[PDB]
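First comes the structure, then the notes that go with it.
We name chains A, B, ... by the order of the sequence lines, and we start the count at 1 in each one. Remember, it's 1-based here, ligands and their atoms both numbered in the order they're listed.
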Amino acid sequence: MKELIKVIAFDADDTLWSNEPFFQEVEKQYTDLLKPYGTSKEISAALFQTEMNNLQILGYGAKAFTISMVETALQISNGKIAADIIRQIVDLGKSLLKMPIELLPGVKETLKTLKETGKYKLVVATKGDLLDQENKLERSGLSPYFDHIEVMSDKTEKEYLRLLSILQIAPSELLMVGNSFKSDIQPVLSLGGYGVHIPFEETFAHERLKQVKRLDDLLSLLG
Amino acid sequence: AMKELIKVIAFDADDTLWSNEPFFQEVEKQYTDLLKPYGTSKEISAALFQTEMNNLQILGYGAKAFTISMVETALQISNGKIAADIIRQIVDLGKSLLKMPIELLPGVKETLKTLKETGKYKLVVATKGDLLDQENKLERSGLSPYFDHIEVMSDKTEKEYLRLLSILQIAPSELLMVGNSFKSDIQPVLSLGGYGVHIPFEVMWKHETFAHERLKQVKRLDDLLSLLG
Ligand SMILES: [Cl-]
Ligand SMILES: [Cl-]
Ligand SMILES: [Mg+2]
Ligand SMILES: [Mg+2]
Ligand SMILES: [Mg+2]
Ligand SMILES: [Mg+2]
């Protein structure tokens, strides 16, 4: 921590700001549009199937989500769905790209304090559409605290190794902070790095892992 | 002269390493053919371009953005009249861009293989567009072994080239950028203090730049090899 960690990487969505609630409300509104074709659970299962079938070419993010929404609508309706439902679906997807940014507790004070130490390089480590993530950061007001954003095509060990290489450090010099144990924490621990898990409201404990309730609790862990 | 300064050689990908525009053009032609009832190809293309530009600050560049704009333009220009079957065809067109065959341009494989074999540089791709799509393209191209890093950019202005330099941890003076687009690939790097090799893309047979101290213009990518030897 003292003279091991050089880089503190932060997940963005549900770590720096709320994201999943906005997405889930969009998914709810989508499933309301496809009522004739199934229960909300059923429509969500079909959409997830499409997302998974599209994963290798579309990847992650709001643009991918929008395209899978349109496809699933076309599919489940046997290509008979009204064009106006398609217009609504595209509008829903675009709402995701203009979502207002609501910072989570302690985020602003933590990043300011870390910036003012001048001790760590601070980066955002996120999947998704590059422009979207860039825009979210800008409108969060947090851009002055961050050296830059690393947008990733996935969050497996392979992509974290690419991140480490780009940053010119070894795994033991990286601290990753995020809400997802599976995507933000596990892969980084597996490589040799450190994690702070901040759940957003199945895991295991680990010597290079701490779980905290809110992001500002990070500051005592560094001291 | 330049050959001792350079630490990183960045390449544009589309229409530099492989042919891209022809396939995008053929998808757009098929699009206009689908929307023939609502306007001339010239008219359909103009409405599409206007949508792309109005969506640029939230959708940006690349095949996903294009798909979404093709859909939105079809809906708007048909005043909602268009059938779902046609929207499905449009989505499949956009997705066809993500499975495009990669056809390497002249001298590309030999230039990159030779440069990698010197051990002398970091070789990177510097490209706009969707990150996954550009990684998939590089993988399908067979060229991935020669590149240290793909840098996907949200635009190709001085601001984004400074980001790249900062990420690479080098000075403008230590970057050589190679690309087919003088406006996007070459001028911004020259303006920051970097070097450029302009390699015009000719495959379009379109009906028919300046000289600069740190610019070379070449016809074929492997021409690069003797600028650096
Ligand atoms: Cl993420
Ligand atoms: Cl580009
Ligand atoms: Mg997250
Ligand atoms: Mg991959
Ligand atoms: Mg190009
Ligand atoms: Mg795109």
Check your understanding: Backbone or side chain, does B/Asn180 get an N/O/S atom under 2.8 Å to the Mg ion (ligand 5)?
Key -> yes
Exercise for review: May I ask you to check if any N/O/S atom from B/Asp133 comes under 2.8 Å of the Mg ion (ligand 6)?
Suggested key: no
Exercise for review: Kindly give the atom name of the N, O or S atom of B/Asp14 closest to the Mg ion (ligand 5).
Suggested key: O
Check your understanding: Passes side chain to side chain contact (heavy atoms under 4.5 Å, CB included), A/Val123 versus A/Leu167? Steps please.
Key -> CA-CA 10 Å; A/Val123 306; A/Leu167 298 164; 4.2 Å; yes
Point to revise | Polar side chain donor-acceptor pair, A/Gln133 to A/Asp13, under 3.5 angstrom | key: yes
Exercise for review: Show your reasoning for whether side chain to side chain donor-acceptor pair (under 3.5 Å) applies to B/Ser45 and B/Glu28.
Suggested key: CA-CA 8 Å; B/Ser45 280; B/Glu28 180 166 345; 2.6 Å; yes
Revision key, fill the gap. Atom name of the N, O or S atom of B/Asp12 nearest to the Mg ion (ligand 5) is OD2
Review point. With ring centroids as reference points, do B/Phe66 and B/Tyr61 lie under 6.0 angstrom apart?
Key: no
Review point. If you look at B/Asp130, which of its N/O/S atoms is nearest to the Mg ion (ligand 6)?
Key: OD1
Check your understanding: Counting backbone and side chain alike, does B/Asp185 bring an N/O/S atom below 2.8 Å of the Mg ion (ligand 5)?
Key -> no
Exercise for review: List the steps and the verdict of side chain to side chain contact (heavy atoms under 4.5 Å, CB included) for A/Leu174 and A/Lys6.
Suggested key: CA-CA 6 Å; A/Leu174 178 65; A/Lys6 300 319 201 212; over 6 Å; no
